[PDB]
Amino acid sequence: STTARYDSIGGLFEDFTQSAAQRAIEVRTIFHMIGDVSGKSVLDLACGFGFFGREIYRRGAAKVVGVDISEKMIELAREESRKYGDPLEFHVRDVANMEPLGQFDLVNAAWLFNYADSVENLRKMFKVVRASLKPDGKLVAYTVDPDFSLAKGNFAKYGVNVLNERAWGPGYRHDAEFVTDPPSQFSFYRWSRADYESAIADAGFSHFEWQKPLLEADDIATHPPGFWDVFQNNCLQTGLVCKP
């Protein structure tokens, strides 16, 4: 038996997704990158309780498979599929160490790569994703912006309190907590843009593109003036699409 970090977070992550200001921007940006899923087979990596895979199934995907390292999160994911009677299937795997489970039209990986604890493990994850993709498929990912700096402002008001920033091999490691009750602590890794693009190339993707989060006028209208300045000038998050 082996502990995963989210085994102690569990239901609090869903609490975070319902209150954090940044979540609506993440969801909007991710589905903008995904586009139409009708008929597609989908692999949702670091699936948590299964949000993205389940919404992708709700938008008309064919087969949807979810993978997460946390037995606790997979247990919550399976209970949601049981409650809504949907066909999602889930597996407990460490993505840096797993075998491919099939060839998919779409791999969705929201908040996977920032949990690679070395550039070596980053590279392994991308290789695994490439081995899971049909030749005309694509990877849609959401991860930490390599250029985020804690000196330029915390993200706590958007839902993620970043507690510190430490050099960690060629990148950085951050301790943090989701703004929940009580707050739920976790750690994540900020690898450089160069290491990401090298991991993508060496895994056999010919195309990648970074995607700035889709913050919109209606988001700005409904918060006090300047609320989104740190989000715009020191963004913690970024989108990423890769194609074989």
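What we label the rigid core is the largest C-alpha set whose atoms superpose within 1.5 Å from one form to the other. Just count from 1 along the sequence shown to find any residue number.
Root-mean-square C-alpha deviation from the shown form, taken over all structures in 6 other deposited structures of this protein superposed by the rigid core, is larger for 69-77 than for the alternative among 69-77 and 157-165. Across the superposed structures in 6 other deposited structures of this protein, aligned by the core, the stretch whose Cα atoms lie more distant on average is 22-30, chosen from 191-199 and 22-30. The question of which stretch, 220-228 or 21-29, has the higher mean Cα B factor is settled in favour of 220-228.
Averaged over their C-alpha atoms, the temperature factors of 193-201 and 63-71 are higher for 193-201. Comparing C-alpha B-factors across 174, 91, 123, 82 in the deposited entry, the largest value falls on 82. Per the PDB entry, 98 shows the highest C-alpha temperature factor of the residues 156, 141, 98, 106. In the deposited entry, the Cα temperature factor of residue 163 sits in the middle third of values across the chain's modelled residues.
When the modelled residues of the chain are ordered by C-alpha B-factor, residue 117 sits in the highest third. Per the deposited record, the Cα B-factor of residue 51 falls in the middle third when ranked against the other modelled residues of its chain. Remark: residue 43 belongs to the lowest third of its chain, ranked by C-alpha B-factor as recorded. Sorting the modelled residues of the chain by their CA temperature factor places residue 136 in the highest third.
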